[PDB]
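Chains as they are written, first to last, in the deposited numbering: chain A, 2 to 17, 19 to 108, 111 to 181; chain A', 2 to 17, 19 to 108, 111 to 181; chain A'', 2 to 17, 19 to 108, 111 to 181. A prime marks a further copy of an entry chain. By construction, the Cβ of each residue, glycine as well, lies at the ideal position given by its N, Cα and C atoms. Below: one structure, written as structure tokens.
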Ligand SMILES: Nc1ncnc2c1ncn2[C@@H]1O[C@H](COP(=O)(O)OP(=O)(O)OP(=O)(O)O)[C@@H](O)[C@H]1O
Ligand SMILES: Nc1ncnc2c1ncn2[C@@H]1O[C@H](COP(=O)(O)OP(=O)(O)OP(=O)(O)O)[C@@H](O)[C@H]1O
Ligand SMILES: Nc1ncnc2c1ncn2[C@@H]1O[C@H](COP(=O)(O)OP(=O)(O)OP(=O)(O)O)[C@@H](O)[C@H]1O
Ligand SMILES: [Mg+2]
Ligand SMILES: [Mg+2]
Ligand SMILES: [Mg+2]
Ligand SMILES: [Mg+2]
Ligand SMILES: [Mg+2]
Ligand SMILES: [Mg+2]
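This is how it looks when you write it as structure tokens:
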């Protein structure tokens with residue numbers, strides 16, 4: 002049974019230590035879970051016009067699992083150790099950003117356009133929400149700061165990705181009048 | 002007029019007592035509202051392949067209204083009384099979990117796949133978000149603990165439901181590499 | 002480069019002043035961003051049956067940019083000044099509410117129905133979430149109270165809009181049994 006009932010009183014285990023479910027840690031690992039499921043949702047909207055975006059989103063979902071793992075791990079835990087390193091993943095998001103920025107037409113942009121592009125804009129803001137929550141934790145506990153670097157860059161990726169999605173289906177970006 | 006303007010100063014009534023809208027109670031009843039509307043959204047994605055899931059999601063929406071009612075009710079309120087009982091509803095979610103678990107192929113799963121399945125994964129994480137917020141309240145006030153038992157089981161249902169949705173449209177679950 | 006890396010340590014600038023990203027202000031401007039991207043998502047679901055709703059949603063996105071601007075502006079800032087006025091925008095939402103209320107069939113309604121209507125119900129609850137967060141800020145800092153009046157009315161609009169969306173595609177509202 003996937004349901005243990007150990008949580009019915011509002012408490013839960015992390016990597017290693020029973021916390022309340024409103025604990026800033028659980029919230030951080032939790033928002034990254036919501037973001038990941040949203041990314042999965044965004045990916046399912048992919049069609050024949052926007053099919054190139056499929057792999058990288060699948061990749062980001064794997065990266066996000068690692069992020070949630072480390073976030074669920076206390077920094078002083080003797081038995082359990084940070085597994086996420088920001089360098090390769092973040093550099094990789096930076097190339098896609100530069101690539102998508104040069105492709106698209108160079111006022112402030114409002115989030116919307118194609119269904120996929122709008123969903124990419126949604127992921128941009130859910131990324132930020134998870135990030136605020138990761139900073140709330142960082143402020144009370146030691147975290148893998150690598151997670152924070154990557155997440156920060158990730159919302160930028162999403163913006164870049166959104167504009168590109170609009171581009172792939174001949175759709176102008178929504179601009180603030 | 003559905004707009005009274007009584008709220009324009011950031012205050013609102015609950016069952017019974020004027021609270022601030024950022025009050026942990028309002029937040030709890032509020033996240034359950036967001037979850038319910040998300041469930042409604044998920045249900046609207048149902049097609050001919052996934053049509054069996056329609057009734058139970060509609061049912062969950064009724065269950066969630068009862069949950070939000072009790073959450074909006076102070077435990078010491080003389081005039082107003084808890085209406086949600088977890089036993090029948092939660093047992094019913096447990097049978098669907100066991101049924102969906104035995105049907106599907108038995111690594112950690114990443115949220116995604118069909119549009120409906122991904123949307124079910126989204127509801128799984130929104131359920132948890134509302135749950136964290138229900139624990140935040142539980143920690144300062146007396147709540148219907150029955151609500152918390154059900155909500156906890158509900159995110160488990162959603163996981164089970166998501167895998168099944170992927171199954172109904174011949175789609176393998178996304179797995180952590 | 003759209004990525005400055007100035008934020009990788011969890012801090013960010015507002016209008017004018020470096021804050022933490024979990025700062026109640028950033029959260030307020032942030033939830034309004036998420037709501038706006040959600041509105042954009044809702045708009046992308048528009049088809050031939052529901053095409054009249056397109057302009058007003060685009061309009062709301064512009065209104066929401068102004069709201070986030072003012073929310074990101076300290077009230078005592080000498081160089082920077084509130085740009086959102088609730089009167090015209092809010093009156094305009096009130097006419098659409100009265101118009102949509104008279105059109106639709108006059111029990112409590114559960115959020116769901118057509119895909120667009122359900123997505124409008126989602127925006128109704130995301131509006132409220134951003135509103136709770138705007139009250140959390142209002143409680144510690146001076147805000148443009150005009151923003152709060154409009155946002156409050158905006159969730160009411162969304163309810164009205166949702167019922168209308170269901171109406172435009174011959175779909176009965178989901179009712180609490
Ligand atoms: N409401 C929540 N929000 C975010 N993360 C959670 C929440 N509840 C649990 N988790 C985390 O995700 C993991 C898997 O979730 P699970 O539902 O199994 O937790 P639980 O409530 O403790 O267990 P159970 O549902 O069996 O009682 C948990 O170990 C915990 O770290
Ligand atoms: N921002 C919010 N988030 C979550 N729940 C809310 C919020 N505002 C109100 N509610 C709850 O939902 C009920 C219905 O919402 P409603 O918008 O009518 O509240 P209000 O703001 O007090 O009224 P009005 O919009 O007429 O000024 C309220 O009685 C309150 O309990
Ligand atoms: N996590 C967040 N949630 C909500 N709002 C944010 C967040 N991070 C930044 N903002 C706001 O939106 C603006 C644009 O976002 P941006 O990502 O450029 O911020 P940053 O993290 O400071 O910069 P960078 O990503 O270049 O390091 C910022 O100036 C800030 O006011
Ligand atoms: Mg479980
Ligand atoms: Mg940033
Ligand atoms: Mg109202
Ligand atoms: Mg649980
Ligand atoms: Mg940036
Ligand atoms: Mg209101």
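- Give the residues from the region 23 to 40 of chain A'' that approach chain A closer than 7 Å (Cβ to any Cβ), ordered along the chain. 23, 24, 28, 29, 32, 35, 36, 38, 39, 40
- residue 165 of chain A' versus residue 150 of chain A'' - alpha carbon distance: 43 Å
- Task: Return the Cβ separation of residue 67 of chain A and residue 180 of chain A' in integer angstroms, given the expectation that the two are a contact with Cβ distance under 8 Å.
- Result: 5 Å
- In chain A', what lies closer than 8 Å to residue 8 of chain A by C-beta? 156
- residue 33 of chain A' and residue 134 of chain A': beta carbons closer than 8 Å? yes
- Query: Relative to chain A'', which residues along the region 75 to 100 of chain A have a C-beta separation below 8 Å, given in chain order?
  - Reply: 96, 99, 100
- Query: Where does residue 17 of chain A'' land, buried or exposed, given buried means 16+ other C-beta within 10 angstroms?
  - Reply: exposed
- Short check: CB of residue 39 of chain A to CB of residue 119 of chain A', under 8 Å? no
- Task: Report whether the distance from the Cβ of residue 161 of chain A'' to the nearest heavy atom of ligand 6 is below 7 Å.
- Result: no
- Task: Specify the secondary structure class of residue 5 of chain A as computed by DSSP and reduced to three states.
- Result: coil
- Contacting residues, own chain, Cβ-Cβ under 7 Å from residue 11 of chain A' (five flanking each side not counted): 22, 23
- Query: By how many angstroms is the C-alpha of residue 30 of chain A' removed from the C-alpha of residue 90 of chain A?
  - Reply: 39 Å
- Item | residue 8 of chain A': CB within 7 Å of a non-hydrogen atom of ligand 9 | yes
- Query: Would the beta-carbon of residue 156 of chain A'' be found less than 7 Å away from any heavy atom of ligand 9?
  - Reply: yes
- Message: Can you tell me whether residue 74 of chain A' sits near ligand 2, meaning its C-beta is under 7 Å from at least one heavy atom of the ligand?
- Response: yes
- Measure the Cβ-Cβ separation of residue 156 of chain A'' and residue 70 of chain A' and say whether it is below 8 Å. no
- Could you check what DSSP says for residue 81 of chain A in three-state terms: helix, strand or coil? coil
- Query: What residue range is occupied by the uninterrupted alpha helix (DSSP H) comprising residue 141 of chain A'?
  - Reply: 119 to 142
- Starting from the C-beta of residue 79 of chain A', find all residues in its chain whose C-beta is less than 6 Å away, skip the five residues before and the five after it, and write them out in chain order. 17
- Message: Going by DSSP in three states, residue 64 of chain A'' sits in which element: helix, strand or coil?
- Response: helix
- Message: Taking the beta carbon of residue 18 of chain A as the centre, do at least 16 other beta carbons fall within 10 Å, making it buried, or is it exposed?
- Response: This model leaves out residue 18 of chain A; its place in chain A lies between 17 and 19, and no residues are given there.
- Cβ shell of residue 19 of chain A'' (< 6 Å), same chain only, five flanking positions each side left out: none
- Item | Cross-chain neighbours of residue 60 of chain A' in chain A, by beta carbon under 9 Å | Those do not exist, as residue 60 of chain A' stays about 21 Å from chain A at its closest Cβ, beyond 9 Å.
- Residue environment, residue 63 of chain A, which counts as buried when at least 16 other CB atoms sit within 10 Å: buried
- Close beta carbons around residue 108 of chain A, own chain, < 8 Å, minus the five adjacent residues each side: none
- If you measure from the beta carbon of residue 42 of chain A to each beta carbon in chain A', is any gap under 8 Å? yes
- Which whole-angstrom value describes the C-beta separation of residue 129 of chain A' and residue 97 of chain A, a residue pair presumed to lie in contact below a C-beta threshold of 8 Å? Going by Cβ atoms, the distance from residue 129 of chain A' to residue 97 of chain A rounds to 29 Å, so no, they are not a contact pair.
- Query: Going along chain A, which residues have a C-beta under 8 Å from residue 180 of chain A'?
  - Reply: 64, 67
- Cutoff 8 Å: residue 3 of chain A'' Cβ touching any chain A Cβ: yes
- How would you call residue 93 of chain A, buried or exposed, if buried means at least 16 neighbouring beta carbons within 10 angstroms? exposed
- Query: Would residue 44 of chain A pass as a contact of residue 59 of chain A if the rule is Cβ separation under 8 Å?
  - Reply: yes
- Query: If you compare alpha carbons, which of A:159, A:132, A:81, A:116 is closest to residue 170 of chain A?
  - Reply: A:116
- Item | CB of residue 161 of chain A within 8 Å of CB of residue 95 of chain A, strictly | yes
- Message: Below 8 Å on the Cβ atoms is my contact criterion, and I expect residue 141 of chain A' with residue 26 of chain A' to pass it. Report the Cβ-Cβ distance as a whole number of Å.
- Response: 5 Å
- Query: At what residues does the beta strand (DSSP E) containing residue 12 of chain A' begin and finish?
  - Reply: 12 to 14
- Item | Length of the line joining the Cα atoms of residue 136 of chain A'' and residue 175 of chain A'' | 31 Å
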